[PDB]
Amino acid sequence: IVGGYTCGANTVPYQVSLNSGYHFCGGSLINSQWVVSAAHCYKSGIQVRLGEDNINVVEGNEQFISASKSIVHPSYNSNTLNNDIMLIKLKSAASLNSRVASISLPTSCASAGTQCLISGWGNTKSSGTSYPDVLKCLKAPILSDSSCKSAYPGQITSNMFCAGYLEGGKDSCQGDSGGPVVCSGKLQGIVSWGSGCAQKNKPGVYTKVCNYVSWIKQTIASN
Amino acid sequence: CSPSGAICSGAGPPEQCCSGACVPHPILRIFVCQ
Ligand SMILES: [Ca+2]
């Protein structure tokens, strides 16, 4: 997260870290046994880390649970980044509490202008590299479909939306992939892509979660 | 070690990639091996 702020320990209790030794992606807990992330975050042997703040120091609220299943959307297109969503099943149900909690799936899509909360342990600089210990947060509005398509002509599918700032300086960044975009209590987005980080006229592009509710439900029900 | 282009951990050891470098992807919001 570039140009964001320190969330505060466990203030985003649905935020998880995808780990294979070290953090490599974000994700969102949507119930006690399932995590939503980006399809391009797929790899074998994922460990899910819940209740995390400082990802380098055991602070006592963590849970470390291996993924038993990592299910990429079967229509994921690595060329267009369409359907960039993945579902991870936990080997065991996480213990839900005030610091480890699920985020609701949306019942309807969000509108342009709606302010959302984006979070992650990704890069905090738009040029260079700087990895935070603790979770960083960013308030960002959803942009109009027109301004999104103007930013990325011919590259935005109906399953994507832009959020952030056309002036740059504030954005999600590398290391944030798979993480949450939460709007009015609903998981509406998944950190996916963009052109660099916090660059002018290149806001973040996010997987539009509201278009995947049925696939998510079916997948959970059948796994 | 991981091939070029494969997902890697930004704050991990550079030896996680055969190339010895884990770098930002230009488009995806992950790090990948150089
Ligand atoms: Ca920790």
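In what follows, chains carry the letters A, B, and so on, assigned in the order in which the sequence lines appear, proteins first and then strands, with residues in each chain numbered from 1. Note: hydrogens, waters and symmetry copies are ignored here, and every other heavy atom, side chains too, is used. Order of listing sets the numbers, starting from 1, for every ligand and every atom in it.
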Has [X] got an N, O or S atom lying less than 3.0 Å from the Ca ion (ligand 1)?
X: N54(A); value: yes
X: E62(A); value: yes
X: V57(A); value: yes
X: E52(A); value: yes

- Over 60° means perpendicular and under 30° means parallel, so classify the ring planes of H73(A) and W215(A), tilted if in between. tilted
- Output yes when a side-chain donor or acceptor of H23(A) lies under 3.5 Å from a complementary backbone atom of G175(A), and no otherwise. yes
- Message: Determine whether a donor-acceptor pair (N or O, by modelled atom type, separation under 3.5 Å) exists between the side chain of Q15(A) and the backbone of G26(A).
- Response: no
- Linked, directly or transitively: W193(A) and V72(A) (ILVMFWY side chains, under 4.5 Å): yes
